[PDB]
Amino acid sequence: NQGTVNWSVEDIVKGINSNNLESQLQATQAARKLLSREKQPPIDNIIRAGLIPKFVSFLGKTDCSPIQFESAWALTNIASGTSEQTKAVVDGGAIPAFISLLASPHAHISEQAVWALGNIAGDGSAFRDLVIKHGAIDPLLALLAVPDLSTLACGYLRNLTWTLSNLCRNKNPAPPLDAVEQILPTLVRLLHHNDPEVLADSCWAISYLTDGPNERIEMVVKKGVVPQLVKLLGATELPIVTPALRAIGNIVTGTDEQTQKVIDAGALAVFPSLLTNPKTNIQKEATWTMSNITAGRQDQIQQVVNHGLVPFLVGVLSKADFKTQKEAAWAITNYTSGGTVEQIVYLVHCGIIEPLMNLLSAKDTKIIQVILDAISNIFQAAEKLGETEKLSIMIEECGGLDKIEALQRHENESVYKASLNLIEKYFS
């Protein structure tokens, strides 16, 4: 193979322009190797030399499967570059040619075409939709139509899963409803596979599909994946937990009923671990997820209480990355706006007040507004119990009054309005 190593582009062009298929093959392989080096593959040089149309025509040479493979790989690597470089591959007519290769008798060639289409679809909504219009989905799914996924080569299965997840990936617009419905059954199946990378990408795909309007969430939830997601939520591999949690988080941005599916599946039992997870991002996303659950019904808030999660929210509020603490503030405001008086009182018994007040020192304006809303909802709860006096004292002897008073000097309009109000109304 050293005979095709380090060719100049002009030598590649010379070979590809010969009338000799073997010479063209050697030149295409030399191109693949150029495009396969680690540092600065000369993608722009190869494009500028006008090689793409030739590579595309080589995709069609059924009688020379080696030049199909070499050109497929060269084009994959071009398509992996910038949008402009992917566009050059698409403009050369590569999409239908790669789709035709999906059914190749040679596994390594089929797989190469899968990868290329994943790069093209991954560029954005429009190329994703163009790949779908050219009819990629049927042949892709047919490659996974086997009794047991384990009989497929591991690398081959991972590539197929990754490409399918790109077909589920972008928005503005989201994938066509019809394409999602066609893909979902195979996705649900991959989501039960034992390989961690297949599971990671399957979850990523489900998370993409559940990121949008509630109707999108519903067509996923209706397939019965929620229990499997919750299981994966407890995996040890961070690459699996992260997308599982993203999908669960998206699903609870939906209706009360969609949210109840997640609770019934047992998700809340995993949040003591997630809300203390060593990975900052897992904590953040877990707290975000909790904030949407506490925005639910009172019976849903009650299950958060029953699962002992309020002390975990007090914990995050007391100490966490600031973005996570802001999410915790939201979780508390949502809880306090939707909860019963008894649930709200309970919050106070768990120690929510002091950490809440300490966060009034944050420079961020939004979290300050959020916290003042929470404090108002709590005072409101204490008015119905005639214990506003006692609450006022709590807030006072932990530095709270100093915070709220200072917030009258605060720049933002909505802040001083809520602050001054709290003072005159509960602190005379």
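One rule holds for the numbers: they count along the sequence shown, beginning at 1.
message: Per the record, averaged over C-alpha atoms, which has the higher B-factor: 278-286 or 90-98?
response: If you average the C-alpha B-factors of 90-98 and of 278-286, the larger mean comes out for 278-286.
message: I need to verify one thing: averaged over C-alpha atoms only, is the B-factor higher for 327-335 or for 111-119?
response: 327-335 has the higher mean C-alpha B-factor.
Top residue by Cα temperature factor, when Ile46, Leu360, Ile67, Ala30 are compared in the entry: Spelled out: the listed residue with the top C-alpha B-factor is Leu360.
query: Lowest, middle or highest third: where is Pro105 by Cα B-factor in its chain?
result: Its C-alpha B-factor belongs to the highest third of this chain's values.
field: Cα B factor band for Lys319 (lowest, middle or highest third within the chain)
entry: Within its chain, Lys319 is a middle-third residue by C-alpha B-factor, going by the deposited values.
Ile353 CA temperature factor, ranked by third within the chain: Highest third.
- request: Report the third (lowest, middle or highest) to which the CA temperature factor of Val230 belongs, ranking only the modelled residues of the same chain.
  value: Ranked within chain, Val230 CA B lands in the lowest tercile.
task: Determine, from the deposited record, the chain-internal third of the Cα B-factor for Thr242: lowest, middle or highest.
output: CA B-factor rank for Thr242: lowest third.
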